Amino acid sequence: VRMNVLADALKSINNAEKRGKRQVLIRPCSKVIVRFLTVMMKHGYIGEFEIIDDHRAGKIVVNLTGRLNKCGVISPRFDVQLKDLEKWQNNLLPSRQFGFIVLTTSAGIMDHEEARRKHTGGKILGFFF
Amino acid sequence: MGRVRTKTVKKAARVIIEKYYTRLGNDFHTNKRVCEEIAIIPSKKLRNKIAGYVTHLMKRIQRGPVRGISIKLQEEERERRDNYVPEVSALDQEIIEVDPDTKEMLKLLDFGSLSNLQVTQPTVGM
Amino acid sequence: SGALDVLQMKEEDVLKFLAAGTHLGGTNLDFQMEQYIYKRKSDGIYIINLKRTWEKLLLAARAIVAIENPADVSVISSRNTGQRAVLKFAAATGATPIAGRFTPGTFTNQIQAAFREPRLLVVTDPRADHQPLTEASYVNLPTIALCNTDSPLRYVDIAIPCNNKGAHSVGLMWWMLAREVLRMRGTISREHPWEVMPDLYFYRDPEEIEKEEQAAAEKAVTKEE
Amino acid sequence: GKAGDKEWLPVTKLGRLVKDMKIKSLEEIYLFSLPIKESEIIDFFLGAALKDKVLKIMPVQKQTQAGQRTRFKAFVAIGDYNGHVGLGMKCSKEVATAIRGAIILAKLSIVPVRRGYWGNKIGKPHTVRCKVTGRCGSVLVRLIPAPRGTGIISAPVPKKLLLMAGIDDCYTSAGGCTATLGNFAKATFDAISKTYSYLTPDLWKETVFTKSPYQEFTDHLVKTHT
Amino acid sequence: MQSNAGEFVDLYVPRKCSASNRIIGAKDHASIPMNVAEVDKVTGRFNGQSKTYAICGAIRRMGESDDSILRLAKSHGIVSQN
């Protein structure tokens, strides 16, 4: 089956970081997972990552540090309209000061902090902190 | 019957042999009178007991070392066993050779002397 | 190693390692002892690498140097083989031996009169002295020990592999340990023969000692005759 | 008439360095994550700001062939209003002895708390840094940060501890059997511990690994001292 | 941690262990600093300035510390090719 790919992905890197690891193997490589981890890399929670290529769908390998505490998925994907936002981020984050809800908009995939400056609502995907 | 010695006897019996090892004989009466002079035991019947156990210990101390108390000459022979044993002065017999798969490690670590070869059969218990 | 060949293993010591059978190691393995092994024979026995033994010897010994008090690097061994060896170790180099049965609570009490607070430990065989290891993780002691292939690693920070099933492997290794700490701290350095040898760090052998002493007395009497 | 105390001769290494006054704060001790094994060390650094608040004095008793035998088990809180709190339990045959056993034990187990801000700064932290939890056998607490001047909004039991901690603003919620308050307070104390054990982006810069007091002050301890 | 002034607060800034990248609390008595002694590396004699490390109790108690202490010394010295 593997109904939702992204939802199975994050639990590995969540589990792996707890035990004390710094290399993982996540499959089967969706484009959606790439742009997620790109945003998550900029802020600094993970390091550079290598995309292995296969014809089947690829495999991805990540280098990570203890800075991450947990990245979760939120499924199914609800809408946000920039007044629903404040209610979401209260429940899902440890603090106002840091933590980053991610979402996708027509202006691309980004954190919530950026979307507020573009006046774009959209569909929420996950979170991390 | 019964009459198993208590701990009050066995505590002081060990002490009295450690610090007055020289004074001891192996006779009952001599070991009694020594305990009477090197200490006071406030009863008479108690004195007759502590002497008898001091005697019974001193029999065994003239064999191998007791594990409840120490004397000097045993710690001498302890030291004499624990500074050189007559078995070796050589390390270990100076030349010992090894079989292959150890030689392959040594090949890749710049060593190439003093070896033998035997390529012993397969396998575990077989 | 670090320095090019003034710390690296010599041709001499190789003979001593092989004569004491240190290279041999038991049938059963652990998943923390996989890297130290090179391979198996054609028979059940797994051959520890001696290069990998040598590197672990050094930073182990260098940590024993790094303390500014040599009276609180408490060594421990409770096996009979490891009694005579440790006694010479902590007599030669300033250290504190705890020989035989441990008598628990000696790193966590305020009432016991054998209470001590050291910094390091140097243990023979985790599976005879499991007691001090558990108590080390209640008062923040660094820990060093001698592991075998089948000895698991848990509450130890660094291992020093060895064959150590009761052999000349034991006493040889404790001698080498005391040799190195003196090359860095002491004035024994020159790295050309030390007066003290590994021929009295080896096991008592009490029945073998009495028989050798009797045979030496008989050989002395027959020499006098 | 006759005067002069003499109290507290250390039998502990860490205690001796304090008595000679070459360790200048508890904050050094906590940074090396050392045990504290004496109750006078803490009472040397502090002792004029520590209050106690005896929570409950609870009986328990077992059964034997001659009937009941009852021992009194009391919980006693402790804390100054600058960030250090502790908690202790003890039981004994009689009451006062058990209380005095707990006032000692609570000082021994004392820890610091980490305070933080709401969403903006104006100096002096008033609340909890992050949203944390703490569980003790089916009781849990969810300490949630709160803006200034809301007060501590909690049940009576954690309102003691958090107020002594200097955490003046908090939202909370409980889950499970809070009737058995021994769980409830230990679960609160569990939560209050996690504040310096929660990683935040502030702390991401790497530590310098400064040398230990055990190492530097070892020179005085080479006499006979242990 | 900074404020409006940039004034630093928090009673102690805790220390962060080498191979786990996490912070050890006030009570945590399985966490050890481990001092390796440097040498001059011309004569192989002790020379002063130490390399100091720190390890948390979690990696210690599972038996992963042995690899971490090895890797730390492998990225520096004394370890060449093990």
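In chain C, numbers come from Swiss-Prot; the residues present are 2-226, in order.
Determined by electron microscopy, 6.0 Å, according to the entry header.
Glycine residues also receive a Cβ, built from the backbone N, Cα and C atoms like all the rest.
Swiss-Prot lists C:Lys89 with the feature SUMO2 cross-link, giving similarity to another entry as the kind of evidence. According to Swiss-Prot, the feature N-acetylserine maps to C:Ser2, an assignment based on sequence analysis. The annotation phosphoserine is assigned in Swiss-Prot to C:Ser43 on the grounds of similarity to another entry. As annotated by Swiss-Prot, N6-acetyllysine applies to C:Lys52, C:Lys89, with the evidence given as similarity to another entry. Feature annotation from Swiss-Prot assigns phosphothreonine to C:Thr97; the stated evidence is similarity to another entry. According to Swiss-Prot, the region 'Interaction with PPP1R16B' annotation covers C:54-113. The region 'Laminin-binding' annotation in Swiss-Prot covers C:161-180.
Everything Swiss-Prot records as a feature, shown here on the structure.
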residue : record           : Cβ contacts under 8 Å, 6 or more apart
C:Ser2  : N-acetylserine   : C:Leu8, C:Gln9, C:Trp55, C:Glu56, C:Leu59
C:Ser43 : phosphoserine    : none
C:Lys52 : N6-acetyllysine  : C:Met10
C:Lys89 : SUMO2 cross-link : C:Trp175, C:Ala179, C:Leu201, C:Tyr202
C:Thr97 : phosphothreonine : C:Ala72, C:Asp73, C:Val74, C:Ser75, C:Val76, C:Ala91, C:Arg117, C:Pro119
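Sequence-distant contacts of the region 'Laminin-binding' (C:161-180), counting only residues of its own chain at least 6 positions beyond either end whose CB sits under 8 Å from a CB of the stretch, comprise 14, 17-18, 20-27, 34, 37, 49, 53-54, 57-58, 61-62, 65, 80-83, 85-87, 89-90, 93-94, 123, 125-126, 145-150, 189, 195, 197-199, 202-204. Of C:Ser2, C:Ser43, C:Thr97, listed as modified residues, those near chain E by the criterion of a Cβ under 8 Å from one of its Cβ atoms are C:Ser2. Secondary structure by DSSP for the region 'Laminin-binding' (C:161-180): 12 helix, 0 strand, 8 coil. Reduced to three states, the DSSP call for C:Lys52 (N6-acetyllysine) is helix.
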